[PDB]
Asker: 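Pasting a structure here, questions to come.
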Amino acid sequence: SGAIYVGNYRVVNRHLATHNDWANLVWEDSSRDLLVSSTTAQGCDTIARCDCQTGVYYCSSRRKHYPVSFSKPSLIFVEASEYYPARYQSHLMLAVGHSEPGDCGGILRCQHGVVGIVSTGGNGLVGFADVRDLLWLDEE
Ligand SMILES: COc1ccc(Cl)c2c1C(=O)C(=O)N2
Ligand SMILES: [Zn+2]
């Protein structure tokens, strides 16, 4: 589990979004596994605005923060899960690393701030949904 809190926005895995998130929906994309909802309280996270391909992510299944090299956001074939059929997920970044059930929502960060959230895993890889292209998270 996990979310990003920036301005009056909450960013979660679409597949983990709550009743309150869907009621207070700003924006969602099934193909990216993202949902953004409105919040009452101001958040403290900063979104990275960069093309960094190195960072640190939190892995809840190991209680550890791993330094990683990750691919640029791309269309990536993702095997069927309990949440989606086998499909192309867009704006996805891959790294060699641990990702198991309960790891989705872990934050990936670089020197500039939040890059994205754990969205996929298996076969010794971890996939992260990029948020750096969502410039509107910084305003309104
Ligand atoms: C599409 O959702 C997933 C696919 C693969 C893996 Cl390992 C996952 C998830 C999660 O939600 C999670 O916590 N671990
Ligand atoms: Zn960066």
Side-chain angles (χ1 to χ4, degrees):
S1 56
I4 308 161
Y5 301 95
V6 52
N8 283 288
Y9 294 123
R10 165 176 145 91
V11 188
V12 283
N13 297 94
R14 192 186 182 274
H15 72 280
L16 304 179
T18 68
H19 158 121
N20 183 61
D21 296 316
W22 285 109
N24 296 288
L25 178 66
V26 180
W27 174 85
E28 55 88 11
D29 185 329
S30 177
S31 72
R32 293 178 67 149
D33 186 41
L34 291 173
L35 184 150
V36 179
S37 66
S38 57
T39 62
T40 70
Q42 264 252 320
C44 299
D45 292 329
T46 296
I47 310 301
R49 305 297 178 192
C50 69
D51 67 353
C52 284
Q53 282 190 257
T54 55
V56 177
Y57 83 103
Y58 181 61
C59 173
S60 67
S61 72
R62 294 286 184 270
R63 288 174 187 144
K64 241 201 179 310
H65 302 259
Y66 292 106
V68 289
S69 299
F70 54 88
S71 57
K72 294 190 152 161
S74 309
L75 203 67
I76 299 288
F77 194 72
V78 173
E79 288 298 308
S81 67
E82 74 167 292
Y83 300 110
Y84 302 104
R87 69 184 192 156
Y88 286 105
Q89 185 159 317
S90 67
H91 298 261
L92 187 69
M93 301 170 291
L94 298 181
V96 181
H98 193 70
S99 181
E100 292 291 315
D103 287 339
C104 282
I107 290 167
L108 169 73
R109 53 184 88 235
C110 66
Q111 64 184 96
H112 304 104
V114 174
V115 172
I117 49 167
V118 175
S119 182
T120 75
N123 276 351
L125 300 179
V126 47
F128 311 95
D130 182 57
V131 298
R132 295 176 293 184
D133 69 315
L134 304 175
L135 298 207
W136 57 263
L137 285 174
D138 293 332
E139 64 220 45
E140 145 56 60

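For ligands, and for the atoms within them, numbers begin at 1 and follow the listed sequence. The analysis underlying the following values was restricted to heavy atoms, covering all of them including side chains, and did not include hydrogens, waters or symmetry mates. Sequential numbering from 1 along the given sequence is applied to the chain's residues.
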Asker: Would you call the rings of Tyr66 and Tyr57 parallel, tilted or perpendicular if under 30° counts as parallel and over 60° as perpendicular?
Answerer: tilted
Asker: Taking only heavy atoms of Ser81, which atoms of ligand 1 are found under 4.0 Å from at least one of them?
Answerer: 1 (C)
Asker: About how many Å separate OG1 of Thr120 and CG of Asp33, when rounded to the nearest 0.5 Å?
Answerer: 9.0 Å
Asker: Suppose I only count heavy atoms of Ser119 and a 4.0 Å limit; which atoms of ligand 1 are within that range?
Answerer: 1 (C), 2 (O), 3 (C), 4 (C)
Asker: Among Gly105, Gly121, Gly2, which one puts a heavy atom closest to atom 6 (C) of ligand 1?
Answerer: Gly121
Asker: Is it true that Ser1 lies under 4.0 Å from ligand 1, counting heavy atoms only?
Answerer: no
Asker: What atoms of ligand 1 come closer than 4.0 angstrom to any heavy atom of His15?
Answerer: 1 (C), 2 (O), 10 (C), 11 (O)
Asker: Is there a donor-acceptor contact under 3.5 Å linking the side chains of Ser119 and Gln89?
Answerer: yes
Asker: Check ligand 1 against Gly102 and write out every atom of the ligand that is under 4.0 Å from a heavy-atom position of the residue.
Answerer: 12 (C), 13 (O)
Asker: Between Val56, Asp130, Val68, which is the residue that forms a side-chain contact (heavy atoms from CB on, under 4.5 Å) with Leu108?
Answerer: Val68
Asker: If you compare all heavy atoms of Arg87 against all heavy atoms of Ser30, which two are closest, and at what distance to 0.1 Å?
Answerer: NH2-O, 2.6 Å
Asker: As an exercise, identify every atom of ligand 1 less than 4.0 angstrom from a heavy atom of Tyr83.
Answerer: 2 (O), 11 (O)
Asker: Measure from the ring center of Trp27 to the ring center of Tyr9 and say whether it is less than 6.0 Å.
Answerer: no
Asker: Would you mind checking which non-hydrogen protein atom is closest to atom 14 (N) of ligand 1, with the distance to 0.1 Å?
Answerer: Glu100 O, 3.0 Å
Asker: In the structure I gave you, are the side-chain heavy atoms of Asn8 and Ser38 within less than 4.5 Å of one another anywhere?
Answerer: no
Asker: Hey, looking at atom 12 (C) of ligand 1, which of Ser99, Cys104, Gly122, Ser61 has the closest heavy atom?
Answerer: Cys104
Asker: Roughly how far apart are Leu35 CG and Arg14 CZ, rounded to 0.5 Å?
Answerer: 7.5 Å
Asker: Which protein N, O or S atoms does the Zn ion (ligand 2) have within a distance shorter than 2.8 Å?
Answerer: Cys50 SG, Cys52 SG, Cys110 SG, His112 ND1
Asker: Once rounded to the nearest 0.5 Å, what's the spacing between atom CD1 of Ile117 and atom CG of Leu34?
Answerer: 5.5 Å
Asker: Nearest 0.5 Å, what's the OH-CG distance between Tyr83 and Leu16?
Answerer: 5.5 Å
Asker: Just distances here: any N/O of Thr120 and N/O of ligand 1 closer than 3.5 Å?
Answerer: no
Asker: Can you say whether the rings of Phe77 and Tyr88 are parallel (under 30°), tilted (30 to 60°) or perpendicular (over 60°)?
Answerer: perpendicular
